[PDB]
file target-v3.txt (compact mmCIF, C-alpha atoms and all ligand atoms)
# COMPACT_ATOMS: atom_id res chain seq x y z
CA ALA G 1 3.72 -1.40 -20.19
CA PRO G 2 2.92 -3.34 -17.02
CA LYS G 3 -0.27 -5.43 -16.98
CA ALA G 4 -1.93 -4.65 -13.64
CA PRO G 5 -3.21 -7.85 -12.06
CA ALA G 6 -6.91 -8.50 -11.43
CA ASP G 7 -8.39 -6.77 -8.38
CA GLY G 8 -8.54 -8.81 -5.17
CA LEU G 9 -4.77 -9.00 -4.58
CA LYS G 10 -4.34 -10.44 -1.09
CA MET G 11 -1.45 -8.85 0.82
CA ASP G 12 -0.61 -11.55 3.38
CA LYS G 13 3.02 -10.55 3.90
CA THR G 14 2.08 -9.98 7.57
CA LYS G 15 -0.37 -11.56 10.04
CA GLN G 16 -3.07 -9.10 8.93
CA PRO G 17 -3.51 -9.93 5.24
CA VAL G 18 -5.24 -7.21 3.19
CA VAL G 19 -6.77 -7.57 -0.29
CA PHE G 20 -5.70 -4.77 -2.68
CA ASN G 21 -8.11 -4.07 -5.54
CA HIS G 22 -6.22 -2.31 -8.35
CA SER G 23 -9.69 -1.47 -9.72
CA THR G 24 -10.03 1.01 -6.84
CA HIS G 25 -6.55 2.25 -7.75
CA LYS G 26 -6.58 2.11 -11.57
CA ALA G 27 -7.35 5.84 -11.30
CA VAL G 28 -4.29 6.27 -9.06
CA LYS G 29 -0.78 6.95 -10.35
CA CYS G 30 0.82 3.57 -11.02
CA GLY G 31 4.03 5.52 -10.31
CA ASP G 32 2.68 6.81 -6.98
CA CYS G 33 2.47 3.28 -5.56
CA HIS G 34 5.14 1.56 -7.69
CA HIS G 35 7.17 4.80 -7.71
CA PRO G 36 10.26 4.86 -9.93
CA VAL G 37 12.80 2.48 -8.38
CA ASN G 38 16.09 1.17 -9.77
CA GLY G 39 15.43 3.70 -12.56
CA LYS G 40 12.02 2.09 -13.22
CA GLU G 41 8.77 1.81 -11.23
CA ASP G 42 8.86 -1.73 -9.83
CA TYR G 43 5.39 -2.88 -10.86
CA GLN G 44 5.53 -5.78 -8.37
CA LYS G 45 4.00 -6.54 -4.95
CA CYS G 46 4.87 -3.70 -2.55
CA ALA G 47 6.56 -6.15 -0.16
CA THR G 48 8.69 -7.70 -2.91
CA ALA G 49 11.23 -10.32 -1.80
CA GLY G 50 13.39 -7.60 -0.25
CA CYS G 51 11.30 -4.44 -0.64
CA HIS G 52 8.59 -3.81 2.00
CA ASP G 53 8.49 -7.38 3.37
CA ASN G 54 9.97 -6.28 6.71
CA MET G 55 7.81 -7.93 9.40
CA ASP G 56 9.33 -5.64 12.04
CA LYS G 57 6.23 -3.42 11.78
CA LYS G 58 8.63 -0.73 13.06
CA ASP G 59 11.12 0.01 10.25
CA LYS G 60 10.27 3.68 9.61
CA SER G 61 12.41 3.64 6.44
CA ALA G 62 11.71 2.75 2.79
CA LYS G 63 12.09 -1.01 3.43
CA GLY G 64 9.33 -1.82 5.94
CA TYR G 65 5.83 -3.02 5.03
CA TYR G 66 4.13 -1.26 7.96
CA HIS G 67 5.84 2.12 7.48
CA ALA G 68 5.14 2.67 3.76
CA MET G 69 1.69 1.21 4.53
CA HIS G 70 0.73 3.22 7.64
CA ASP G 71 3.03 6.25 7.21
CA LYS G 72 2.01 9.36 5.24
CA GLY G 73 5.07 11.59 4.78
CA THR G 74 6.68 8.80 2.74
CA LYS G 75 8.74 9.08 -0.47
CA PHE G 76 5.32 8.56 -2.11
CA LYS G 77 1.66 8.41 -1.12
CA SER G 78 1.50 5.25 0.98
CA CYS G 79 -1.53 3.00 1.57
CA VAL G 80 -2.80 4.59 4.80
CA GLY G 81 -0.97 7.80 3.81
CA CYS G 82 -2.96 8.04 0.56
CA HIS G 83 -6.00 6.90 2.53
CA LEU G 84 -6.02 9.51 5.33
CA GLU G 85 -5.66 12.01 2.46
CA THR G 86 -8.02 10.35 -0.06
CA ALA G 87 -10.65 10.67 2.70
CA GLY G 88 -10.57 14.48 2.90
CA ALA G 89 -11.87 14.88 6.48
CA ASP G 90 -14.46 12.16 5.87
CA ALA G 91 -14.97 10.05 9.00
CA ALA G 92 -16.58 7.60 6.55
CA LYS G 93 -13.55 7.56 4.26
CA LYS G 94 -11.19 7.85 7.25
CA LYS G 95 -12.73 4.70 8.76
CA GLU G 96 -12.48 2.86 5.42
CA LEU G 97 -9.17 4.22 4.12
CA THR G 98 -7.21 4.71 7.36
CA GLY G 99 -9.59 2.66 9.53
CA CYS G 100 -7.39 -0.11 10.94
CA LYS G 101 -9.85 -2.48 12.62
CA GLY G 102 -12.96 -1.11 10.87
CA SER G 103 -12.10 -0.07 7.30
CA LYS G 104 -11.64 -1.65 3.86
CA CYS G 105 -7.97 -2.41 4.28
CA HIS G 106 -8.53 -4.48 7.45
CA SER G 107 -11.81 -6.35 6.86
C1 LIG G 201 3.12 -0.81 -3.47
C2 LIG G 201 2.63 -0.44 -4.87
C3 LIG G 201 4.18 0.13 -2.94
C4 LIG G 201 3.87 1.16 -2.16
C5 LIG G 201 2.48 1.57 -1.70
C6 LIG G 201 5.10 1.76 -1.79
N1 LIG G 201 6.20 1.13 -2.34
FE1 LIG G 201 8.05 1.51 -2.03
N2 LIG G 201 9.91 1.94 -1.71
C7 LIG G 201 11.03 1.30 -2.18
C8 LIG G 201 12.23 2.09 -1.91
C9 LIG G 201 13.66 1.75 -2.26
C10 LIG G 201 11.81 3.21 -1.29
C11 LIG G 201 12.55 4.51 -1.03
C12 LIG G 201 13.03 5.12 -2.34
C13 LIG G 201 14.18 6.10 -2.06
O1 LIG G 201 13.91 7.15 -1.51
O2 LIG G 201 15.30 5.77 -2.41
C14 LIG G 201 10.41 3.07 -1.11
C15 LIG G 201 9.67 3.92 -0.35
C16 LIG G 201 8.35 3.79 -0.17
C17 LIG G 201 7.63 4.50 0.83
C18 LIG G 201 8.16 5.44 1.88
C19 LIG G 201 9.41 4.91 2.59
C20 LIG G 201 9.92 5.96 3.58
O3 LIG G 201 9.25 6.97 3.73
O4 LIG G 201 10.96 5.74 4.16
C21 LIG G 201 6.35 4.19 0.67
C22 LIG G 201 5.20 4.67 1.52
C23 LIG G 201 6.30 3.26 -0.41
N3 LIG G 201 7.54 2.95 -0.87
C24 LIG G 201 5.16 2.74 -0.87
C25 LIG G 201 10.98 0.18 -2.97
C26 LIG G 201 9.82 -0.40 -3.43
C27 LIG G 201 9.82 -1.56 -4.25
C28 LIG G 201 11.08 -2.33 -4.56
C29 LIG G 201 10.90 -3.46 -5.58
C30 LIG G 201 8.52 -1.82 -4.57
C31 LIG G 201 8.00 -2.90 -5.50
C32 LIG G 201 7.74 -0.84 -3.85
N4 LIG G 201 8.55 0.03 -3.16
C33 LIG G 201 6.36 -0.81 -3.80
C34 LIG G 201 5.63 0.11 -3.08
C1 LIG G 202 -1.49 -0.29 -0.30
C2 LIG G 202 -0.67 -0.60 -1.57
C3 LIG G 202 -2.97 -0.20 -0.53
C4 LIG G 202 -3.93 -1.04 -0.10
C5 LIG G 202 -3.73 -2.42 0.52
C6 LIG G 202 -5.18 -0.36 -0.33
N1 LIG G 202 -5.00 0.86 -0.91
FE1 LIG G 202 -6.35 2.17 -1.41
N2 LIG G 202 -7.71 3.42 -2.07
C7 LIG G 202 -7.52 4.62 -2.72
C8 LIG G 202 -8.77 5.18 -3.16
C9 LIG G 202 -8.98 6.43 -4.00
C10 LIG G 202 -9.73 4.35 -2.74
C11 LIG G 202 -11.23 4.52 -2.96
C12 LIG G 202 -11.78 5.65 -2.08
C13 LIG G 202 -13.31 5.64 -2.14
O1 LIG G 202 -13.84 5.56 -3.24
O2 LIG G 202 -13.92 5.71 -1.09
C14 LIG G 202 -9.07 3.26 -2.07
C15 LIG G 202 -9.72 2.16 -1.58
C16 LIG G 202 -9.11 1.06 -1.02
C17 LIG G 202 -9.80 -0.07 -0.44
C18 LIG G 202 -11.29 -0.30 -0.34
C19 LIG G 202 -12.02 0.22 -1.59
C20 LIG G 202 -13.18 -0.71 -1.93
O3 LIG G 202 -13.48 -1.57 -1.12
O4 LIG G 202 -13.75 -0.55 -3.00
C21 LIG G 202 -8.86 -0.90 0.04
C22 LIG G 202 -9.12 -2.20 0.78
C23 LIG G 202 -7.59 -0.29 -0.25
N3 LIG G 202 -7.74 0.92 -0.89
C24 LIG G 202 -6.38 -0.88 0.02
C25 LIG G 202 -6.29 5.18 -2.96
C26 LIG G 202 -5.09 4.62 -2.60
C27 LIG G 202 -3.81 5.24 -2.81
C28 LIG G 202 -3.55 6.61 -3.39
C29 LIG G 202 -2.32 6.56 -4.30
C30 LIG G 202 -2.88 4.36 -2.39
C31 LIG G 202 -1.37 4.54 -2.41
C32 LIG G 202 -3.60 3.21 -1.91
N4 LIG G 202 -4.96 3.38 -2.01
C33 LIG G 202 -2.98 2.08 -1.46
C34 LIG G 202 -3.64 0.96 -1.03
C1 LIG G 203 -1.34 1.62 -5.23
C2 LIG G 203 -2.70 2.31 -5.20
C3 LIG G 203 -1.12 0.81 -6.48
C4 LIG G 203 -1.19 1.24 -7.74
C5 LIG G 203 -1.60 2.62 -8.22
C6 LIG G 203 -0.78 0.12 -8.55
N1 LIG G 203 -0.48 -0.98 -7.79
FE1 LIG G 203 0.19 -2.70 -8.36
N2 LIG G 203 0.23 -3.34 -6.54
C7 LIG G 203 -0.15 -2.67 -5.40
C8 LIG G 203 -0.07 -3.54 -4.24
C9 LIG G 203 -0.61 -3.27 -2.86
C10 LIG G 203 0.46 -4.70 -4.67
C11 LIG G 203 0.85 -5.94 -3.88
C12 LIG G 203 -0.31 -6.39 -2.99
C13 LIG G 203 -0.06 -7.82 -2.51
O1 LIG G 203 -1.00 -8.59 -2.48
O2 LIG G 203 1.08 -8.12 -2.18
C14 LIG G 203 0.61 -4.57 -6.08
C15 LIG G 203 0.99 -5.62 -6.85
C16 LIG G 203 1.09 -5.55 -8.19
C17 LIG G 203 1.38 -6.70 -8.98
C18 LIG G 203 1.59 -8.12 -8.48
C19 LIG G 203 3.08 -8.41 -8.27
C20 LIG G 203 3.63 -9.17 -9.48
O3 LIG G 203 3.24 -10.31 -9.66
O4 LIG G 203 4.43 -8.59 -10.20
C21 LIG G 203 1.36 -6.30 -10.24
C22 LIG G 203 1.43 -7.28 -11.39
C23 LIG G 203 1.06 -4.88 -10.24
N3 LIG G 203 0.85 -4.43 -8.96
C24 LIG G 203 0.91 -4.09 -11.36
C25 LIG G 203 0.46 -2.80 -11.34
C26 LIG G 203 0.26 -2.00 -12.53
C27 LIG G 203 0.43 -2.45 -13.97
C28 LIG G 203 -0.17 -0.80 -12.12
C29 LIG G 203 -0.51 0.40 -12.99
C30 LIG G 203 -1.72 0.14 -13.90
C31 LIG G 203 -0.24 -0.86 -10.68
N4 LIG G 203 0.14 -2.10 -10.20
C32 LIG G 203 -0.66 0.18 -9.91
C33 LIG G 203 -0.56 -1.36 -5.40
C34 LIG G 203 -0.71 -0.57 -6.51
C1 LIG G 204 -5.11 0.13 4.48
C2 LIG G 204 -4.59 1.30 3.65
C3 LIG G 204 -4.57 0.10 5.88
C4 LIG G 204 -5.01 0.76 6.97
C5 LIG G 204 -6.05 1.86 7.00
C6 LIG G 204 -4.30 0.18 8.08
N1 LIG G 204 -3.46 -0.83 7.68
FE1 LIG G 204 -2.50 -2.10 8.79
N2 LIG G 204 -1.97 -3.08 7.20
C7 LIG G 204 -2.24 -2.78 5.89
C8 LIG G 204 -1.65 -3.74 4.99
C9 LIG G 204 -1.72 -3.73 3.47
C10 LIG G 204 -1.03 -4.64 5.77
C11 LIG G 204 -0.23 -5.84 5.32
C12 LIG G 204 -1.15 -6.93 4.78
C13 LIG G 204 -0.52 -8.30 5.04
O1 LIG G 204 -0.94 -8.96 5.97
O2 LIG G 204 0.38 -8.66 4.30
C14 LIG G 204 -1.24 -4.23 7.12
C15 LIG G 204 -0.76 -4.93 8.19
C16 LIG G 204 -0.93 -4.54 9.48
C17 LIG G 204 -0.28 -5.22 10.56
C18 LIG G 204 0.57 -6.47 10.42
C19 LIG G 204 1.93 -6.28 11.08
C20 LIG G 204 2.80 -7.51 10.82
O3 LIG G 204 2.37 -8.60 11.14
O4 LIG G 204 3.90 -7.34 10.31
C21 LIG G 204 -0.52 -4.48 11.66
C22 LIG G 204 0.03 -4.75 13.05
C23 LIG G 204 -1.33 -3.35 11.23
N3 LIG G 204 -1.57 -3.39 9.88
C24 LIG G 204 -1.73 -2.31 12.05
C25 LIG G 204 -2.46 -1.22 11.63
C26 LIG G 204 -2.84 -0.11 12.47
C27 LIG G 204 -2.44 0.12 13.92
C28 LIG G 204 -3.63 0.66 11.70
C29 LIG G 204 -4.51 1.82 12.10
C30 LIG G 204 -3.81 3.15 11.86
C31 LIG G 204 -3.71 0.06 10.41
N4 LIG G 204 -2.95 -1.07 10.35
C32 LIG G 204 -4.44 0.59 9.37
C33 LIG G 204 -3.02 -1.75 5.48
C34 LIG G 204 -3.60 -0.84 6.32
call {"tool": "encode", "arguments": {"input": "target-v3.txt", "output": "C-alpha cells"}}
result
Amino acid sequence: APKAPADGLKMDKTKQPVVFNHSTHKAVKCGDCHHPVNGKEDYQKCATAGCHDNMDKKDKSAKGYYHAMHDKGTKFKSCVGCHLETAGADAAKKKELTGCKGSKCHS
C-alpha cells in the first residue's frame, strides 16, 4: 500500500506552483488521481519525470500537466475536472475548485 505524503504538496512543475493537500483528497479515489498506469496506479507526483511534466500548457493528451489539470473529460477526474464537478453548481466551490486566479488551487 502506498503511503500518501503529508498534505501541503507544492506542485511547482510550472510557473504557477500549487500546493496539493492529500488531506482534502484522502476521501477521493487514490486510483482516480493516480489511476492504474503501467498495470499499477503510479502513486507519484502527477507530473512525474515524464508523466504530466509537459510545460507546453497545450498538450491536450495524457502527457501534459495543464490538460489533465484543467481538462474534465480526461481518462480520469482531473484536478480542475474533479473541481468543476466537486463544486456542483456552487459559485463558491467553482471559484475555489475551478477558480484559476481566485480559488484554492491558485492562491
Ligand atoms: C495526479 C495524481 C494525476 C492526475 C490528477 C492525473 N494523472 Fe495521469 N495519466 C497518465 C497516462 C499515461 C494517462 C493516459 C492513460 C491512458 O489512457 O493510456 C494519463 C491521463 C490522465 C488524464 C487525462 C489525459 C487525457 O485526457 O488525455 C488526467 C486528467 C490525469 N492523467 C490525471 C500517466 C500518469 C502518471 C505516470 C507516472 C502519473 C503519476 C499520473 N498520470 C498522475 C496523475
Ligand atoms: C490536482 C492533482 C489537484 C490539485 C492541485 C488540487 N486538487 Fe482538489 N479537491 C477535491 C475536493 C473534494 C476538495 C474539497 C472541496 C470542498 O470541501 O470544498 C478539493 C480541494 C482542493 C483544494 C483546496 C481545499 C482546501 O483548501 O482545503 C486545493 C488547493 C486542491 N483541491 C487542489 C477533489 C479533487 C479531485 C477529485 C478526484 C481531484 C482529482 C482533485 N481534487 C485534484 C486536485
Ligand atoms: C488527487 C485528488 C490525488 C489523490 C486522490 C491522491 N494523490 Fe497523491 N498526489 C497528487 C498530486 C497532485 C501529487 C503531486 C503534487 C506535486 O506537488 O507534484 C501527488 C503526489 C503524491 C506523492 C508524492 C510523489 C512521490 O514522492 O512519490 C505521493 C507519495 C502520493 N501522491 C501518494 C498518494 C497516495 C498513497 C494516495 C492514496 C491514499 C494518493 N496519493 C492519492 C494527487 C492525489
Ligand atoms: C486547481 C484544481 C486548478 C484550477 C482551478 C486551475 N488550475 Fe491552473 N494549475 C493547476 C496546477 C496544479 C498547476 C501546476 C502547478 C505548478 O506550478 O506546478 C497549474 C498551473 C497553471 C499554469 C502554469 C502553466 C505552465 O507554466 O506550464 C497556468 C498557465 C494555469 N494553471 C492556468 C489556469 C487557468 C487558465 C485556469 C482557470 C480555468 C486554471 N489554471 C485553474 C491547478 C489548477
call {"tool": "axis_aligned_box", "arguments": {"input": "target-v3.txt", "around": "ligand LIG 203 (chain G)", "padding_each_side": "3 Å", "output": "JSON"}}
result
{"center_x": 0.9, "center_y": -3.8, "center_z": -8.1, "size_x": 13.1, "size_y": 18.9, "size_z": 17.8}
call {"tool": "residues_near_ligand", "arguments": {"input": "target-v3.txt", "ligand": "ligand LIG 201 (chain G)", "cutoff": "6 Å", "atoms": "only C-alpha atoms and all ligand atoms", "output": "list in words"}}
result
residues 33, 34, 42, 43, 44, 45, 46, 48, 51, 60, 61, 62, 68, 69, 74, 75, 76, 77, 78 and 79 of chain G
call {"tool": "closest_residue", "arguments": {"input": "target-v3.txt", "among": "G:105, G:47, G:4, G:55", "to": "residue G:30", "atoms": "all atoms listed in the file"}}
result
G:4
call {"tool": "atom_distance", "arguments": {"input": "target-v3.txt", "atom1": "atom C27 of ligand LIG 202 (chain G)", "atom2": "atom CA of residue G:67"}}
result
14.4 Å
call {"tool": "closest_residue", "arguments": {"input": "target-v3.txt", "among": "G:93, G:25, G:57, G:3", "to": "ligand LIG 204 (chain G)", "atoms": "only C-alpha atoms and all ligand atoms"}}
result
G:57
call {"tool": "residues_around", "arguments": {"input": "target-v3.txt", "residues": "residue G:81", "least_positions_apart": "5", "cutoff": "7 Å", "atoms": "all atoms listed in the file", "output": "list in words"}}
result
residues 70, 71 and 72 of chain G
call {"tool": "residues_near_ligand", "arguments": {"input": "target-v3.txt", "ligand": "ligand LIG 204 (chain G)", "cutoff": "9 Å", "atoms": "only C-alpha atoms and all ligand atoms", "output": "VMD selection string"}}
result
chain G and resid 10 to 20 46 to 47 53 to 58 64 to 66 69 to 71 78 to 84 94 to 106
call {"tool": "atom_distance", "arguments": {"input": "target-v3.txt", "atom1": "atom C31 of ligand LIG 202 (chain G)", "atom2": "atom CA of residue G:91"}}
result
18.6 Å
